[PDB]
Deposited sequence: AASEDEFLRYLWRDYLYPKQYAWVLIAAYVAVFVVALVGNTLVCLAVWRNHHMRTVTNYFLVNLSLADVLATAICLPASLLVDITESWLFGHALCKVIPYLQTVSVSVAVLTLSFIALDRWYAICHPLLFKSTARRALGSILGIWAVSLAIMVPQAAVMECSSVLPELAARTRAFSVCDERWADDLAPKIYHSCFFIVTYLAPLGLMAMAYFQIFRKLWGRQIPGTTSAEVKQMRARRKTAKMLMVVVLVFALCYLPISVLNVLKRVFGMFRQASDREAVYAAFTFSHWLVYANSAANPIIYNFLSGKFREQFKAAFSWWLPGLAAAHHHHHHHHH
């Protein structure tokens, strides 16, 4: 099953790096692509490239070897970068939802500009980089057999170190709510209201307002799919983390094989999400589809 896992990780790594570079390039090279949503979708691609390039190979080696082969320093740095990336992704999706909700449901309160989106993007990185410092603090690299640590990294493990049994329960309950449940629950409600507004009863006297509304339905439909695919890809890892850290599950040696498989699939799924988003844009955005088609047909075959 290791060949199947390596191949799946290789496929995801290649599709994510190519797909996400194409998203960044399409927006950078084309003025018509520089919309508020597409600036945030570029930020999602930057967070997804950070995870794919630096964290995906380390995660594939842990899932294959059942050991940490990158030393003490990277045992703090790689978990930190993976968590920062999840925070940038979820906060980016939250700010898109917020932008679309105000623009469509409450149009005359806040100004939606590309320059304000760049300020929001910097804020997302500033917040994500700071709130994940406690995650890096608890990461520790230890050898299961101390007397062999000097000759091999085979029996070395990277894991969280907690001084008491209550602190990880409080921390991981907050982690789940902040990185998954509260932003996705709020986004679901925002998109339900956007759905009712865009697909609801047409108000008469609207100007050739008609074009923006048609364009908005296409974008909202795409964004709802991105949010639903994010919710599904991050559901196993989020649930497994809570059950392990808060409810003290998966500690029995008899279950080792079932637990290994479930956690390994949940780790791959996170990375599969970085590969999924450019594929979603290709099928649900004629603008991105046109750019990707140009990239594979004449920019470079």
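Q: So which bits of the deposited chain never got modelled?
A: Several stretches lack coordinates - namely 1-20, 229, 323-336, in sequence order.
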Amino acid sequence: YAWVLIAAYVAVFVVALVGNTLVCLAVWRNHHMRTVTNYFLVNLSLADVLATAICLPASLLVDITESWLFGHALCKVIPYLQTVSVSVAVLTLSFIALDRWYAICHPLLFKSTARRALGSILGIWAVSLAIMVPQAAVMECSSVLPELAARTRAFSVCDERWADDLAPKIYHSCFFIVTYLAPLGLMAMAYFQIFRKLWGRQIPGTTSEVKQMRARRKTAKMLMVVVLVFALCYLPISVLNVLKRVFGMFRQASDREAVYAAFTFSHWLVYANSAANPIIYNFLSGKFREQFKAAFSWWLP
From here on, numbers count along this sequence of modelled residues.
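Q: For the stretches 194-202 and 74-82, which has the higher mean C-alpha B-factor as given in the deposited record?
A: Result: 194-202.
Q: Which of the two stretches, 183-191 or 159-167, shows the higher mean Cα temperature factor in the record?
A: According to the entry, 159-167 carries the higher average C-alpha B-factor.
Q: Pick out which of 274, 252, 38, 59 has the highest C-alpha B-factor in the PDB entry.
A: Out of 274, 252, 38, 59, the record gives the largest C-alpha B-factor to 252.
Q: Looking at the C-alpha B-factor values in the deposited entry, which of 122, 136, 108, 89 comes out highest?
A: Among 122, 136, 108, 89, the highest C-alpha B-factor in the entry belongs to 108.
Q: Classify residue 54 as lowest, middle or highest third according to the C-alpha B-factor given in the PDB entry, relative to its own chain.
A: Tercile = middle for this residue's CA B-factor.
Q: Using only modelled residues of the chain, where does the Cα B factor of residue 208 rank: lowest third, middle third or highest third?
A: Its C-alpha B-factor, which the entry lists for residue 208, ranks in the highest third among residues of this chain.
Q: Considering only modelled residues of the same chain, in which third does the CA B-factor of residue 144 rank: lowest, middle or highest?
A: Highest third of the chain for residue 144's C-alpha B-factor.
Q: With respect to C-alpha B-factor, does residue 262 fall in the lowest, middle or highest third of the chain as deposited?
A: For residue 262, whose C-alpha B-factor we compare with every modelled residue in the chain, the answer is the middle third.
Q: Could you say whether, by C-alpha temperature factor, residue 33 belongs to the lowest, middle or highest third of its chain?
A: According to the entry, residue 33 has a C-alpha B-factor in the chain's highest third.
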